[PDB]
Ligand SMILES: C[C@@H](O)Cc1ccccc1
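What follows is a single chain, given as structure tokens, in the form deposited without the ligand.
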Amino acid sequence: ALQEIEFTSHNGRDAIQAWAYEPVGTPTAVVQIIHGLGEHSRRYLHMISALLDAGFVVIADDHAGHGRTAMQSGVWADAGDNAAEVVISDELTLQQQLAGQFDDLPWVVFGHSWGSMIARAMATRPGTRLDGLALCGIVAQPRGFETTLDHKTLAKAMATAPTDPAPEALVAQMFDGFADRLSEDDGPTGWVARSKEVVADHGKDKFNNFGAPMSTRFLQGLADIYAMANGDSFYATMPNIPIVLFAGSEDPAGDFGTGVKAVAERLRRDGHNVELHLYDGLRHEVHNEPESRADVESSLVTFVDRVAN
């Protein structure tokens, strides 16, 4: 069965476009997919079908400024003021759309990229439905967020022109070093996947519209959520539930595996239950990379079944 869900965003502007997918028979879990920057939930058709095949309910929305939400509002790469709280609030609202349908079932959040940051921030909030946390394309200690992005210049832009397009200089700082292991023929979004076919399709997909100029307030939202996901308060408040991590060793977002190993090691030192899948030689979208997609999906099913046990 298919449900179309719409609700007003926390930003009061966007009709959030959302879908629930129910398998045949009696489902054993709910998986909530949280897409990343400059993409959309219906890009996950393969994964959704694999999870339905496993007996899970899947629920996903196109965030503020993204996908069909952007296509219907006409607003791309902006989510309103307090953009981090908007997209966190809307992912909570999404859970409430199934209230009284699957209340007895375990609930896993799978977040990719910006989605890994939204999933991490969500996790730390009381009231969130969360029995297991799965993170993919994990943004963790990249040079751009950690050091290159100039908080003083951003703060001046936030004070004077929050809703205007983000200055190019600031945007470049956020992506600093993302092309450090690419060739010229990989193109500037070569970091998305080793597979040129995956990258080509990413750049064609009208529901991605990747590279729509972001607003200054949307860039502040990325810097806010980064600090919410990688900050001391994340580690201090992460609940004692199973966690699984999927990343490419060749992904700049996770500082070429170094950032992702540090997340795993800090969670482990703090006594957490952590499963790490670090794909050697693969780039950001290990769930879309033809070498790793089957392994990510089968590990994700195994993980949801373990949460359920």
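All residue numbers are counted from 1 along the displayed sequence.
Another form exists, solved in complex with the ligand; not displayed. Remarks below refer to it.
If we define contact as a non-hydrogen atom of the residue within 4.5 angstroms of the partner, is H63 a contact of the ligand in the deposited bound form? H63 lies outside the contact set for the ligand.
Proximity of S215 to the ligand in the deposited bound form, heavy atoms at 4.5 Å: It does not: once the ligand is placed as it appears in the deposited bound form, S215 has no heavy atom within 4.5 Å of it.
Taking the ligand as it sits in the deposited bound form, is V87 near enough to touch it, meaning that at least one heavy atom pair lies within 4.5 angstroms? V87 lies outside the contact set for the ligand.
Tell me, yes or no, whether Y235 is in contact with the ligand in the deposited bound form, where a contact means a heavy atom of each within 4.5 Å. Contact with the ligand, no.
So if I measure heavy atom distances to the ligand in the deposited bound form, which of the stretches 254-262, 46-54, 274-282, 29-37 falls within 4.5 Å? Residues of 29-37 come within 4.5 Å of the partner.
Should the three residues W19, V58 and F102 be counted as contacting the ligand in the deposited bound form, with contact defined as a heavy atom within 4.5 Å for each? Checking in the deposited bound form: none of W19, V58 and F102 is within 4.5 Å of the ligand.
Select from the listed residues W107, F207, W76, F178 the one whose heavy atoms reach within 4.5 Å of the ligand in the deposited bound form. Contact check passes for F178.
Taking the ligand in the deposited bound form, which residues along 77-114 bring a heavy atom to within 4.5 Å of it? Residues within 4.5 Å: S113, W114.
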